[PDB]
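Chemist: The following block contains the structure, expressed as structure tokens.
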Amino acid sequence: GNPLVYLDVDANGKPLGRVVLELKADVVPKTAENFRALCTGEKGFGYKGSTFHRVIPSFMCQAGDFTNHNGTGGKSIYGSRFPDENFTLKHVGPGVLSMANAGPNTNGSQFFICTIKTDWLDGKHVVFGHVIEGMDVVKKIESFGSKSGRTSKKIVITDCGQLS
Amino acid sequence: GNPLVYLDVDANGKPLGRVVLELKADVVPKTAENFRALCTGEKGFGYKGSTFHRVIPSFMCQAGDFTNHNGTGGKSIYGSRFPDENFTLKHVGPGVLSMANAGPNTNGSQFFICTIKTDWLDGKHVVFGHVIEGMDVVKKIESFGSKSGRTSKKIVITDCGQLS
Amino acid sequence: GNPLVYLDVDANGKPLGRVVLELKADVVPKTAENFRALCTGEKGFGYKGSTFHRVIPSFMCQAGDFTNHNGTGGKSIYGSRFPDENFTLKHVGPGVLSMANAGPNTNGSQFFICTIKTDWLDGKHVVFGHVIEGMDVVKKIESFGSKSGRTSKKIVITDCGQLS
């Protein structure tokens with residue numbers, strides 16, 4: 001079945017709760033597997049202890065730069081970058097999980113969770129999962145964002161992994 | 001296993017004892033390796049001869065500015081500064097070993113040992129170890145501090161290195 | 001009469017208002033002159049366009065690092081550092097203007113405005129002025145601080161100068 005993963009998130013050292021994500025391995029297996037392995041850390045690197053570095057209210061919460069924490073870094077389990085797998089899944093509404101990128105075929109480790117429908121990203125960012133529990137935690141993260149993307153409290157993934 | 005390092009600490013030339021620290025190289029290998037090599041002095045520079053220049057009772061004891069000896073300097077084995085590796089470990093209580101900084105991604109050589117839980121630093125300073133022996137020596141250091149951070153005696157790391 | 005100088009302060013690009021400071025040139029002329037000239041910019045450098053980089057509620061608001069914007073830098077009009085002129089004035093309450101330092105006789109350009117009586121700093125930091133207008137602006141700045149000193153908004157001195 002599709003892997004289930006979780007992120008436990010703090011704001012300024014205080015727990016916000018747990019986000020559970022379904023990864024659509026049945027549609028984008030390569031993209032799902034990368035995110036799964038980065039949640040478990042089984043390759044020797046991953047999301048544990050990294051941050052949500054860009055949060056824009058009424059848009060999305062972005063994370064996954066575990067090398068530079070500033071949106072320039074991260075890497076996939078396949079290498080620095082990997083190709084766009086397909087564009088089957090759409091940014092249909094809040095809770096959609098999608099790959100951040102620098103244009104086509106630049107998927108690494110950075111990802112975002114939408115807080116609204118962002119159909120203007122369809123065909124540009126590969127969607128690969130969705131929140132199945134803890135959307136209220138995502139709304140908490142969103143509440144600390146700004147138009148500049150900078151956060152008013154520091155948002156840290158204190159734990160993550162696969163539930164199996 | 002994780003590296004164990006030691007700090008031998010003086011106060012106005014009177015030995016206070018030895019602090020033994022476990023460095024969590026299994027969680028923050030880059031940050032642990034910097035501190036380890038600064039204890040041995042194997043790169044030609046390190047903590048030997050530097051002071052605990054800022055000691056605030058019921059907060060922390062800060063040391064490691066072996067260049068300017070006043071809290072403005074220091075340097076890592078990787079250059080002047082290196083990024084925050086991760087925020088996996090927390091300032092859970094007395095004895096936590098953590099990096100001083102000047103904001104995100106500014107780690108050098110200065111460090112602090114907590115004497116209380118400082119969860120309001122979680123996410124801002126990279127935790128990378130803890131005291132496993134000689135917490136009574138840390139409390140002795142703390143007793144020479146003040147609210148201003150100024151010490152009433154010159155607190156010197158007379159020796160340091162790795163236990164193996 | 002003692003100089004009057006001002007700082008106009010933004011938080012995230014929104015004006016907070018003006019802080020007007022009286023500089024106690026009658027007690028600490030060399031320290032007052034440094035701050036006055038850094039407000040006017042007449043030496044070719046100074047506070048305009050720099051930030052409040054450390055704000056701790058129920059303590060103080062710190063600024064003045066116009067070289068590094070992070071608390072490691074700044075310089076005086078006399079050189080990198082100048083001595084403690086005297087400790088005649090005390091940290092008597094909110095609105096006190098005092099020099100940050102890195103230990104005895106290391107004043108540069110960094111300064112702080114107290115939001116409480118900080119008498120534990122008497123004899124360690126040179127007091128040289130006080131707020132005469134805009135303590136409400138200082139309290140606004142204070143409200144964007146945290147125990148870690150990190151601010152929840154970017155606090156910028158957008159203008160500064162001498163009034164009389």
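The way I read the labels, and the way they are meant: chains A, B, ... in the order of the structure tokens, residue 1 as the first residue of every chain, and ligand 1 as the first ligand shown, with later ones counted on from there.
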Using only C-alpha atoms, find the residues of chain B whose closest atom to chain C is at most 6 Å away, then write them as JSON, numbers by chain.

Modeler: {"B": [70, 72, 102, 121, 148]}

Chemist: May I have the selected residues written with N, CA, C and O atoms, as a PDB file, in the first residue's frame?

Modeler:
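And here's selection_38.pdb as it stands now:
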ATOM      1  N   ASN B  70      36.739  37.162  24.290  1.00  0.00           N
ATOM      2  CA  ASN B  70      35.731  38.050  24.841  1.00  0.00           C
ATOM      3  C   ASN B  70      34.328  37.787  24.324  1.00  0.00           C
ATOM      4  O   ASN B  70      33.407  38.513  24.705  1.00  0.00           O
ATOM      5  N   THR B  72      33.458  37.655  20.931  1.00  0.00           N
ATOM      6  CA  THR B  72      33.249  38.130  19.572  1.00  0.00           C
ATOM      7  C   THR B  72      33.877  37.225  18.523  1.00  0.00           C
ATOM      8  O   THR B  72      33.565  37.372  17.336  1.00  0.00           O
ATOM      9  N   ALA B 102      25.673  33.837  16.352  1.00  0.00           N
ATOM     10  CA  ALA B 102      25.258  35.205  16.076  1.00  0.00           C
ATOM     11  C   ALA B 102      24.081  35.211  15.110  1.00  0.00           C
ATOM     12  O   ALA B 102      24.001  36.045  14.207  1.00  0.00           O
ATOM     13  N   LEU B 121      15.707  28.242  23.759  1.00  0.00           N
ATOM     14  CA  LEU B 121      16.792  28.202  22.791  1.00  0.00           C
ATOM     15  C   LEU B 121      16.647  27.060  21.798  1.00  0.00           C
ATOM     16  O   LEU B 121      17.413  27.002  20.832  1.00  0.00           O
ATOM     17  N   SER B 148      25.207  39.729  35.046  1.00  0.00           N
ATOM     18  CA  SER B 148      25.805  40.432  33.919  1.00  0.00           C
ATOM     19  C   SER B 148      26.612  39.520  33.013  1.00  0.00           C
ATOM     20  O   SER B 148      27.042  39.969  31.940  1.00  0.00           O
TER      21      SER B 148
END

Chemist: Please run DSSP on the backbone and report, as a VMD selection string, all residues within chain B that come out as strand (DSSP E or B).

Modeler: chain B and resid 4 to 11 14 to 23 51 54 to 56 60 to 63 76 79 82 96 to 99 107 111 to 114 127 to 133 155 to 163

Chemist: Write out as a ChimeraX atom specification the set of residues from chain C that DSSP, computed on the backbone, places in helix (DSSP H, G or I).

Modeler: /C:29-40,119-121,135-143

Chemist: Taking only C-alpha atoms into account, which of C:77, C:55, C:27, C:157 comes nearest residue 90 (chain C)?

Modeler: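 Selected residue with least distance to residue 90 (chain C): C:27.
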
Chemist: Compile the contact shell of residue 7 (chain B) as a PyMOL selection string: residues with an atom at most 6 Å away, counting only C-alpha atoms, same-chain residues fewer than 6 positions apart removed.

Modeler: chain B and resi 18-19+160

Chemist: If we count only C-alpha atoms, what is near residue 145 (chain C) at a cut-off of 12 Å, once residues fewer than 3 positions away on the same chain are taken out, given as a ChimeraX atom specification?

Modeler: /A:152-153 /B:120 /C:11,52-62,115,138-142,148-155

Chemist: For the selection you just gave me, I'd like the residues written to a file as a PDB file, in the first residue's frame, keeping C-alpha atoms.

Modeler:
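Ended up saving to again06.pdb:
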ATOM      1  CA  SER A 152       7.583  34.933  13.202  1.00  0.00           C
ATOM      2  CA  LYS A 153       8.457  31.827  15.229  1.00  0.00           C
TER       3      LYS A 153
ATOM      4  CA  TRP B 120      13.494  28.903  24.576  1.00  0.00           C
TER       5      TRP B 120
ATOM      6  CA  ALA C  11       9.053  46.750  12.101  1.00  0.00           C
ATOM      7  CA  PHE C  52      17.747  46.078  16.542  1.00  0.00           C
ATOM      8  CA  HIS C  53      19.332  42.638  16.390  1.00  0.00           C
ATOM      9  CA  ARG C  54      18.624  41.459  19.947  1.00  0.00           C
ATOM     10  CA  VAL C  55      15.446  42.218  21.889  1.00  0.00           C
ATOM     11  CA  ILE C  56      14.710  40.517  25.207  1.00  0.00           C
ATOM     12  CA  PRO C  57      11.338  41.306  26.825  1.00  0.00           C
ATOM     13  CA  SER C  58      11.484  42.570  30.410  1.00  0.00           C
ATOM     14  CA  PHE C  59      15.166  43.416  29.838  1.00  0.00           C
ATOM     15  CA  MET C  60      16.363  45.584  26.933  1.00  0.00           C
ATOM     16  CA  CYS C  61      16.415  46.342  23.193  1.00  0.00           C
ATOM     17  CA  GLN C  62      19.867  46.219  21.584  1.00  0.00           C
ATOM     18  CA  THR C 115      12.842  48.289  29.502  1.00  0.00           C
ATOM     19  CA  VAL C 138      10.579  51.173  22.689  1.00  0.00           C
ATOM     20  CA  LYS C 139       7.782  49.067  24.209  1.00  0.00           C
ATOM     21  CA  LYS C 140       6.619  48.178  20.687  1.00  0.00           C
ATOM     22  CA  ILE C 141      10.148  47.026  19.828  1.00  0.00           C
ATOM     23  CA  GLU C 142      10.233  45.045  23.079  1.00  0.00           C
ATOM     24  CA  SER C 148      16.380  33.992  22.939  1.00  0.00           C
ATOM     25  CA  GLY C 149      16.870  37.619  21.861  1.00  0.00           C
ATOM     26  CA  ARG C 150      15.678  36.830  18.343  1.00  0.00           C
ATOM     27  CA  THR C 151      12.972  39.135  17.006  1.00  0.00           C
ATOM     28  CA  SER C 152       9.655  38.148  15.428  1.00  0.00           C
ATOM     29  CA  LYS C 153       9.853  41.060  12.968  1.00  0.00           C
ATOM     30  CA  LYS C 154      12.760  42.851  11.298  1.00  0.00           C
ATOM     31  CA  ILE C 155      13.354  46.023  13.342  1.00  0.00           C
TER      32      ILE C 155
END

Chemist: Would you compute the distance between CA of residue 99 (chain B) and CA of residue 67 (chain A)? Give it in Å to one decimal.

Modeler: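 These atoms are spaced 17.4 Å apart.
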
Chemist: Please compute the CA of residue 28 (chain B)-CA of residue 51 (chain B) distance, one decimal, in Å.

Modeler: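 Pair CA of residue 28 (chain B) / CA of residue 51 (chain B) returns 24.6 Å.
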
Chemist: Using CA of residue 34 (chain A) and CA of residue 132 (chain A) as the two end points, give the distance in Å to one decimal.

Modeler: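 CA of residue 132 (chain A) lies 19.0 Å from CA of residue 34 (chain A).
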
Chemist: Any idea what's packed within 7 Å of residue 4 (chain C), counting only C-alpha atoms, ignoring anything in its chain fewer than 3 positions away? Could you give it as a list in words?

Modeler: residues 20, 21, 22, 23, 162, 163 and 164 of chain C

Chemist: Those selected residues, please, written with N, CA, C and O atoms and delivered as a PDB file, in the first residue's frame.

Modeler:
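As a result, part.pdb now contains:
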ATOM      1  N   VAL C  20      13.263  59.576  20.867  1.00  0.00           N
ATOM      2  CA  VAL C  20      14.118  60.732  21.091  1.00  0.00           C
ATOM      3  C   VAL C  20      14.926  60.480  22.349  1.00  0.00           C
ATOM      4  O   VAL C  20      14.363  60.151  23.408  1.00  0.00           O
ATOM      5  N   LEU C  21      16.241  60.632  22.232  1.00  0.00           N
ATOM      6  CA  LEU C  21      17.181  60.344  23.306  1.00  0.00           C
ATOM      7  C   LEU C  21      17.929  61.612  23.696  1.00  0.00           C
ATOM      8  O   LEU C  21      18.408  62.350  22.828  1.00  0.00           O
ATOM      9  N   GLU C  22      18.028  61.863  25.000  1.00  0.00           N
ATOM     10  CA  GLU C  22      18.944  62.869  25.517  1.00  0.00           C
ATOM     11  C   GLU C  22      20.271  62.197  25.847  1.00  0.00           C
ATOM     12  O   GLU C  22      20.297  61.171  26.531  1.00  0.00           O
ATOM     13  N   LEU C  23      21.368  62.748  25.331  1.00  0.00           N
ATOM     14  CA  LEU C  23      22.694  62.192  25.564  1.00  0.00           C
ATOM     15  C   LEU C  23      23.370  62.989  26.669  1.00  0.00           C
ATOM     16  O   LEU C  23      23.463  64.215  26.580  1.00  0.00           O
ATOM     17  N   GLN C 162      20.580  64.224  14.679  1.00  0.00           N
ATOM     18  CA  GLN C 162      20.637  65.110  15.831  1.00  0.00           C
ATOM     19  C   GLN C 162      19.583  66.201  15.689  1.00  0.00           C
ATOM     20  O   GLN C 162      19.452  66.811  14.624  1.00  0.00           O
ATOM     21  N   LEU C 163      18.829  66.434  16.761  1.00  0.00           N
ATOM     22  CA  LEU C 163      17.820  67.491  16.790  1.00  0.00           C
ATOM     23  C   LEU C 163      18.349  68.795  17.384  1.00  0.00           C
ATOM     24  O   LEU C 163      18.036  69.880  16.877  1.00  0.00           O
ATOM     25  N   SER C 164      19.129  68.714  18.455  1.00  0.00           N
ATOM     26  CA  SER C 164      19.732  69.895  19.077  1.00  0.00           C
ATOM     27  C   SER C 164      20.944  69.475  19.896  1.00  0.00           C
ATOM     28  O   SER C 164      21.682  70.328  20.419  1.00  0.00           O
TER      29      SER C 164
END
